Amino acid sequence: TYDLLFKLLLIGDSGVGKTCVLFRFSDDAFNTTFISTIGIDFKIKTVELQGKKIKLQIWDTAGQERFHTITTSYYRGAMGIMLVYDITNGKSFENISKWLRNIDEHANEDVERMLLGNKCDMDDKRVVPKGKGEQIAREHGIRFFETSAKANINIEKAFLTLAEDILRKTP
């Protein structure tokens, strides 16, 4: 009943909004309460792209360091990886370098990588300028969006853009 199965993966520090970004994509809702992800999880969402029904299996990792060895066993299967930081949390963005190194180490060499600066609704409390995000994406030659799971800004666009990059190299 579906044509293709794509495996996606969200990584980044705890508290940047990884689970919320996924919940907005898969249920068009937002929950303000912080419920920290334990270990690893995944959700299913089917989308239609270029006349194809694509089944997205979206893996959601725990950002807390105690769960690190658990999360690293799920990198190798991923076809696309969203690296997520929080635009109001300076250290979440400085840690993007380390998360990129984990992908270098544990993930398939041809994985699609995409950088998301989440919580873009808190401009008043921004610490990370949009241009730093833009510049680090350019240095690694990857896409970058600033997102908000609360206000539903660029959530659908990020996921479908990454799915189209996987699809474009599928044959």
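Just count from 1 along the sequence shown to find any residue number.
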At least a third of other PDB entries omit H140
no
Test of understanding: from the entry's C-alpha B-factors, which stretch has the higher mean, 61-69 or 125-133?
125-133
Averaging the C-alpha B factors as listed in the entry, name the stretch that ends up higher: 152-160 or 6-14.
152-160
Looking at the entry's B-factor column for C-alpha atoms only, identify whether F34 ranks in the lowest, middle or highest third of its chain.
highest
Give the position of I142 by CA B-factor within its chain, expressed as the lowest, middle or highest third.
highest
If you rank the chain by CA B-factor, which third does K43 end up in: lowest, middle or highest?
lowest
Split the chain's modelled residues into thirds by Cα B-factor; is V111 in the lowest, middle or highest one?
middle
Lowest, middle or highest third: which one holds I54 when the chain's residues are ordered by CA B-factor from the entry?
middle
